[PDB]
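**Q** Here it is, the structure in full.
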There are 4 protein chains.
Amino acid sequence: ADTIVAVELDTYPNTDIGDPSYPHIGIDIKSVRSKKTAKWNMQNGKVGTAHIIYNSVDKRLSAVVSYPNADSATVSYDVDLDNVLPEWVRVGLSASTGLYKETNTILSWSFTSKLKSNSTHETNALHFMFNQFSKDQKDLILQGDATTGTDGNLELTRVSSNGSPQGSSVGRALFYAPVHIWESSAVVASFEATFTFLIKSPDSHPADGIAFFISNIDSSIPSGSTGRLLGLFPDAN
Amino acid sequence: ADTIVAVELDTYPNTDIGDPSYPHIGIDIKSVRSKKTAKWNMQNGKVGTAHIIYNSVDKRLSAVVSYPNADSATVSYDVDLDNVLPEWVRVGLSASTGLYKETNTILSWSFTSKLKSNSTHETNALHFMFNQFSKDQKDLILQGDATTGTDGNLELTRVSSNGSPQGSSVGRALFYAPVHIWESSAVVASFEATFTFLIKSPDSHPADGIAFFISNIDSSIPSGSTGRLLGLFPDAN
Amino acid sequence: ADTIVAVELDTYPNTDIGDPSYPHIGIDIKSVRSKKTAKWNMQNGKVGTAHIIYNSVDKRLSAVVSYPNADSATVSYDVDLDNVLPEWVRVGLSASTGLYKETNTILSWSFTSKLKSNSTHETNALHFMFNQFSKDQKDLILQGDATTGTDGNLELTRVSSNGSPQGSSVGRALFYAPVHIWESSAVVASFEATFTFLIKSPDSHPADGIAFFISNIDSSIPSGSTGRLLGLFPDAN
Amino acid sequence: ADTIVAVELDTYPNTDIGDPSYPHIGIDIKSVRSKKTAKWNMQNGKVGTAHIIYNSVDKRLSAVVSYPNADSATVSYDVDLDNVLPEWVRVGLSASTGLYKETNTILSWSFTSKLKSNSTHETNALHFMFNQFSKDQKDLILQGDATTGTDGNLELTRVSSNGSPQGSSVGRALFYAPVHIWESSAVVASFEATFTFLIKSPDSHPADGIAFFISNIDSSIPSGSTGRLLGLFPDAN
Ligand SMILES: O=C(NCCOCCO[C@H]1O[C@H](CO)[C@@H](O)[C@H](O)[C@@H]1O)c1ccc2cc(C(=O)NCCOCCO[C@H]3O[C@H](CO)[C@@H](O)[C@H](O)[C@@H]3O)ccc2c1
Ligand SMILES: O=C(NCCOCCO[C@H]1O[C@H](CO)[C@@H](O)[C@H](O)[C@@H]1O)c1ccc2cc(C(=O)NCCOCCO[C@H]3O[C@H](CO)[C@@H](O)[C@H](O)[C@@H]3O)ccc2c1
Ligand SMILES: [Ca+2]
Ligand SMILES: [Ca+2]
Ligand SMILES: [Ca+2]
Ligand SMILES: [Ca+2]
Ligand SMILES: [Mn+2]
Ligand SMILES: [Mn+2]
Ligand SMILES: [Mn+2]
Ligand SMILES: [Mn+2]
């Protein structure tokens, strides 16, 4: 079972597995059962922005989801990630549908990672920025139902040629090169991630949501992770 | 009286205005009596590094000070800076000697500040980086005994023509352009500061220390703020 | 008499002082009579982008100006900027109007400058990024008829409350920190400027243009620099 | 047959395959026989810096190799890289030795790559920065005899425990993630590469040198490409 850390943009209350009774944003440390949640005020058919930050000094993982001309939703969590995560990781975006469904459109994705070591005090860094996605994007690893190059976007779950999101779909996109997310001889370690998304649904209810996640480098869609497990966890422990 | 927010490197305990028994780092909100400190084994003659960070999600001002191959010293304080600092500020570095003295050399200084708007979801940013200082650096404002150009460094307090530190000396360097440090309608504000330093003294007691600070744009050194007031404060309140 | 280097977006042919017969972009070294130009098919009412670049290796000033889904205009001139500009300078944007007029609206501006020094092989950098301009922009120096804050933009030339641009107007925005644009002992030096704009006009010929420029720190609008002079040159030599 | 673009730092003059009679830098478009060279006063045992730049507005590839307090050496070549390179590429460092030998040490490596597209005017970017290389650098592909970890440096070719260099050696380090180096529909595209090296010989003759290169993503060391072929080319046509 793969080590997962994720910030989930959960659009579907799964009350049987501990979801609060409203669309919410969550911090998931090795479980779909969030460690901290926050009411999120989703706008169907509106482009939204997500922003995740962590730094090894506060050892706190914050995320803020926001639409133009509306309030934030924030959710933070004290967590020492070098006790959770392997030293090297891949980071990625994940998304799923179930009985109910939604477009899981990714529009822009950026990410920054820094290690400021304790031996030499000289920093290592990684930075990537996707504002559009071509049809044959080679620094991305696509898993399951994800496809790029439709209107310059990254489409995480399926969309028909008639634009209608499909059900029982899971897709992920991972950045191709692994990231050095912590190291014992490091004074300060920090990362930032940002993406913009468009969730649109013809149903009265949209599901299930998008997640930003960090994981061991060889992670893949777990068996049966469609629907409420967001392509992230095999089960619901 | 200016509005100072500062992170002090205090190499001399003034136990009588409230410093602890050992040389320390601390966070100063509008008063030289640190709202929070931590002990800091200053290595005399030796190049150290200060990293300061703050972000509007956490509203936590944090700082790490470290030497190569030595445990670091860290200190953090939760403070809503937008109720303390004017909306625009200037950032700078400051130092002072009293009876006991030390060289207060700055070898490199860098700073990043960012504001993402909630109306437009677009970013304003400022970044500057000094890895060597020149004789007539026009983006710095030097106050008091601060000079630049000596071996390409920034000497905060005064040195002699025979490399000797001097007492009763005080000096400051401000980044010339003003800085937009919080905006009522921003979703996330964050800033980051880094400098390196060599403090050297022939004495057995070096004093007083070095501070990164943030102030109102028009700030000047207060009268007789040498010594234990670090060129920041008019008094010990 | 100021020293001006500029990249000009020239909406209005003034053939009697050397402009070509059509709208154009040009490099200007200490003269309004461009050393080099290209045909610019300016699009009334559309947002466009300009990208300017220079580096000490190749000592060549190049600009690209285009609109979405339109071909670009580029223009290039070999110039050793350190036999032209003072070692410290200020960067800015400028626009004028004359008998004919246009909106000279600035939606974004970013600038980046780097000095890798021969003595140490370590780098000084300045970077600033504007994506909205507040009503009180303290890191901008506003000159002439220039204003920030209306809809988050910088309006370089006078715009009435009804939104119509006026004739007989000149306006300049400069960044507040002077910029170390060259050093005799730097292995490599480079700078990069980008801005987005909106020239909308009611007149069947709009006038006069926008310009990015670099000048000595204290530069101010020359006398009678409206119209074809573009707020940069006192006369047309 | 791999496609190769390389800036080479050639320490051993092979006058039989077109090398000049003197240690030199050169620019290699698909051939070990440089398209353009420049005398380079190698400095045995000291740390040097190499800065490479290319942009699509000017289709000129440039490098500067210099030491602390010496004259730079620069070489440049007009070349439209998108007639020579596939759109996606991997970037890397290479070194080799023949009969005569040298330590081919890399102490730092940074690379920046930027793509602004014409359909949207919205930018994609990659940046990575190695100031120290660890025992298991997961974002690096090590080929031949390249190892990381010793002194925090990257050794492209075999060094014994003594520090003694080892003949008939070749090694390459490539960045893990593939890089979008051009795109037919981008307004402006550019990349930057920087690294610091130490070339220490016991012989009076060092050989053969270090190279920054860009190749097809699946590139591997050509057979028998030690010596003058630097790890890049199969034969010396
Ligand atoms: O005791 C103090 N101050 C005492 C106050 O109570 C204790 C607080 O001590 C300090 O201790 C800490 C700093 O060390 C701080 O935490 C405190 O705030 C405080 O400032 C005190 C304060 C300032 C001083 C400044 C100098 C100075 O200008 N530096 C150069 C070295 O000495 C001067 C030589 O120049 C001339 O000097 C004399 C002229 O008169 C002649 O004899 C000499 O031949 C010569 O021509 C020297 C001694 C000082 C002593
Ligand atoms: O049709 C066109 N558009 C171009 C398309 O090409 C058409 C080719 O054919 C033209 O010319 C042909 C032959 O001549 C005719 O047959 C055609 O019918 C047509 O007119 C066209 C475009 C530009 C023109 C510029 C002038 C011109 O003389 N320009 C400068 C004169 O001064 C104006 C006031 O000056 C004041 O205000 C200016 C503007 O605010 C400031 O800069 C000044 O500093 C000052 O404050 C005149 C006619 C133009 C006609
Ligand atoms: Ca759910
Ligand atoms: Ca003190
Ligand atoms: Ca004109
Ligand atoms: Ca050779
Ligand atoms: Mn949930
Ligand atoms: Mn103190
Ligand atoms: Mn012109
Ligand atoms: Mn050669």
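**Q** Shortest first and in nm to one decimal, what separations exist between A:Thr150 and its copies in the other chains, measuring from label points 7 Å along the Cα-to-beta-carbon line?
**A** Those label-point separations list as 4.3, 5.2, 6.7 nm.
**Q** Less than 11 Å Cβ to Cβ from B:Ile210, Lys/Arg counted +1 and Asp/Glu -1: what total charge do the surrounding residues give?
**A** Net charge around B:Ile210: -3.
**Q** For C:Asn44, place a label point 7 Å from Cα along the Cα-to-Cβ direction in every copy; what are the distances to the other copies, in nm, shortest first?
**A** Once sorted, the set of distances for C:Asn44 reads 4.4, 7.3, 7.7 nm.
**Q** Sticking with this one: What is the calculated FRET efficiency for D:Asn162 to B:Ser168, with r their C-beta to C-beta distance and R₀ = 51 Å, to the nearest 0.05?
**A** It comes out at approximately 0.40.
**Q** With 55 Å as the cut-off, how large is the P(r) tail for the protein assembly as shown, expressed as percent of Cα-Cα pairs?
**A** Distances greater than 55 Å cover 13 percent of the Cα pairs.
**Q** Which of D:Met42, C:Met42 comes first, and how do the rest follow, when ranked by fewest Cβ neighbours within 10 Å?
**A** Result, fewest neighbours first: D:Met42, C:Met42.
**Q** Rounded to the nearest 0.05, what FRET efficiency is calculated for B:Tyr176 and D:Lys35 with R0 set to 30 Å and r the Cβ-Cβ distance?
**A** E between B:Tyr176 and D:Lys35, to the nearest 0.05, is 0.10.
**Q** Per Stokes-Einstein, at 4 °C and 1.567 mPa s, what whole-number D in µm² s⁻¹ belongs to chain B, with the Kirkwood radius over Cα pairs as the hydrodynamic radius?
**A** My calculation gives 73 µm²/s for D.
**Q** Would you mind ranking D:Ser169, A:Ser31, A:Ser164 so that the residue whose beta carbon has the fewest other beta carbons within 10 Å leads the list?
**A** In order of increasing Cβ crowding within 10 Å: A:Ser164, A:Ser31, D:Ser169.
**Q** A follow-up question, please. Given R₀ = 35 Å, FRET efficiency for D:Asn83-A:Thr3 by Cβ-Cβ distance, to 0.05?
**A** 0.20
**Q** When the Karplus curve 6.51 cos²θ - 1.76 cosθ + 1.60 is applied with θ = phi - 60°, which whole-Hz ³J(HN,Hα) does each residue of region D:215-232 get, with x for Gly and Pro?
**A** Couplings: 9, 2, 5, 9, 3, 9, 4, x, 4, x, 8, 7, x, 4, 8, 6, x, 10 Hz.
**Q** With a ≥ b ≥ c taken as the square roots of the eigenvalues of the C-alpha gyration tensor of region B:68-118, please select rounded if a/c is under 1.5 and otherwise prolate if a/b is larger than b/c or oblate if it is not?
**A** Taking the square roots of the gyration eigenvalues as a ≥ b ≥ c, region B:68-118 is prolate.
**Q** Convex hull over the Cα atoms of region D:119-166, averaged projected area in nm²?
**A** Mean orientational projected area (region D:119-166, Cα hull): 5.2 nm².
**Q** Could I have the simple spin-label model distance between D:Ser184 and B:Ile141, label points 7 Å from Cα toward Cβ, reported in nm to one decimal?
**A** 5.5
**Q** Can you list the distances in nanometres, one decimal and ascending, from the D:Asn237 label point to the identical position in each other copy, with the point 7 Å along Cα to Cβ?
**A** 6.1, 6.1, 8.4
**Q** Right, next: Given B:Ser76, B:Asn55, B:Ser31, which one lies farthest toward the positive end of the charge dipole of region B:1-117, if we put +1 on the Cβ of every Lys and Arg and -1 on the Cβ of every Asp and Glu?
**A** B:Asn55
**Q** Quick one: dipole size for the protein assembly as shown, taken about the Cα centre, charges +1 on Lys/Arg Cβ and -1 on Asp/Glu Cβ, in debye to the nearest 20.
**A** That gives a dipole near 20 debye.
**Q** For D:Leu140, list long-range residues whose amide hydrogen, built 1.01 Å from N in the peptide plane, is under 5 Å from its own amide hydrogen.
**A** Sorted by chain and number, the residues that satisfy this are D:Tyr176.
**Q** Order of D:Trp88, C:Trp40 from fewest to most other C-beta atoms within 10 Å?
**A** Starting with the residue having the fewest Cβ neighbours, the order is D:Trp88, C:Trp40.
**Q** Please express the shape of region C:5-99 as an equivalent ellipsoid: the semi-axes are the square roots of 5 times the eigenvalues of the C-alpha gyration tensor, given largest first in whole angstrom.
**A** Ellipsoid half-lengths, sorted descending, are 23, 16, 13 Å.
**Q** Let me ask something additional. Where the centroid of each part is defined by its Cα atoms, how far is region A:3-53 from region C:5-61 in Å?
**A** When both Cα centres are located, 51 Å separates them.
**Q** Another question about this same structure. Placing +1 on the Cβ of each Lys and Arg and -1 on the Cβ of each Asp and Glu in chain A, which of A:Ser134, A:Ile221, A:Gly171 has its Cα farthest towards the positive end of the resulting dipole?
**A** A:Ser134
**Q** Taking the Cα centre of chain A as origin, sum charge times position over the Cβ atoms of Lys and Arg (+1) and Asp and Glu (-1), and report the length of that vector in debye to the nearest 20.
**A** 280
**Q** All other residues with a Cβ under 9 Å from the Cβ of D:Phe175 taken together, and with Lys, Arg as +1 and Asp, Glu as -1, what is their net charge?
**A** Computed value for this residue: 0.
**Q** Follow-up question, since we're still on this one. Would you work out the Kirkwood radius for region C:128-237? I mean one over the mean of 1/r across all pairs of different Cα atoms, in Å.
**A** 15.7
**Q** Another question, then. What's the local net charge at C:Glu102, with K and R +1, D and E -1, over the other residues with C-beta under 15 Å away?
**A** Net of charged neighbours comes to -1.
**Q** Here is a further query. Please report the residue of chain A with the smallest beta-carbon distance to the A-to-C rotation axis, and give that distance in Å, no decimals.
**A** A:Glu122, 6
**Q** Could I ask something else about it? Quick one: what are the phi-derived ³J(HN,Hα) couplings along region B:162-167, Karplus 6.51/-1.76/1.60 with θ = phi - 60°, whole Hz, x for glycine and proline?
**A** Once rounded to whole Hz, the list reads 10, x, 8, x, 9, x.
A short reminder: the numbers here are calculations on the coordinates, not readings from a lab. Backbone-built Cβ (ideal geometry, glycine too); neighbour counts: all protein chains shown.
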